[PDB]
Every structure is written in C-alpha cells, then in structure tokens.
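Trainee: coordinates for the following, if possible.
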Amino acid sequence: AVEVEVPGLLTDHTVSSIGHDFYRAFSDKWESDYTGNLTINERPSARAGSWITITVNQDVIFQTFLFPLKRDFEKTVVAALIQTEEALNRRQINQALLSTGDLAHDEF
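Mentor: Numbering: from 1, shown residues only. Sure, the structure comes next:
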C-alpha cells in the first residue's frame, strides 16, 4: 500500500433526524482506493423520512431513501459504502485494479 488518508471533502450537508446521523455513520466506516472526494446531501420529506444523495465533487453517483421508524438505517449506511465505490469501479478504478490486483469477492 504505502498510502495515507490525505484527501477528502465529506460535508454534513444534511438536516434530518436520520440524515444528520447518516453523515456520521457513513464517515465512521468510509474507506476508498480512489481520491475520496465525496459529500453527503439529504432532502427532508415528512411523508416517509429523508432522501440521501452522495455526490463526488459535483456529480451524483448513488442515492436512496432513509426511514426513521424502520431499523434499516445501519444496513443502508453500510450498503451505501459499497454502492458509492461501485459507481467509480467502472469509471476509473477499473484501470487500477486491471493493472494490479483484480477483484475476487462479488462479480455479479
């Protein structure tokens, strides 16, 4: 490896009783092979909870719905970590993993 967590721009652009905690819960388990230039946005919608939308620099790559009465929040946080890199895995990480250390965990 010989690498350090130097880059990053995770901002608490979140204003919901669940979406404010998604910021902290995501960043507590966040890890990445790319430059890590991502931020977390939410839209509060009292019909159901919050929309969560993660953006890399200025571009959306993953988004999902959070619910405050349900217990999926932890699972939805952990799943957003994988789904954030799965957007970038065919954009740019594809050349890095092909050049040295192809995948062997979950192809399809």
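Trainee: so how far is the lengthiest helix in the chain off the chain centroid?
Mentor: Among the elements of type helix in the chain, defined by DSSP state H, the one spanning the most residues is helix 73-88. How far helix 73-88 lies from its chain's middle: 5 Å, per CA atoms, centre = their mean, to the nearest Å.
Trainee: again, but for stretch 12-23
Mentor: The chain centre lies 13 Å from the centre of stretch 12-23; the measure is CA atoms, centre = their mean.
Trainee: can you list the neighbours in contact with the longest helix of the chain?
Mentor: 18, 21-22, 25-26, 29-34, 38, 52, 54, 56, 61-62, 64, 66-67, 93 (CB atoms under 8 Å, 6 or more residues apart in numbering). From N, CA and C alone the C-beta is placed, and that goes for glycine too.
Trainee: can you check stretch 1-14 too?
Mentor: For stretch 1-14, the surrounding residues in contact (CB under 8 Å, 6+ apart) are 20, 22-23, 26-27, 30, 35-42, 50, 52, 57.
Trainee: I'm done for today, thanks for sticking with me.
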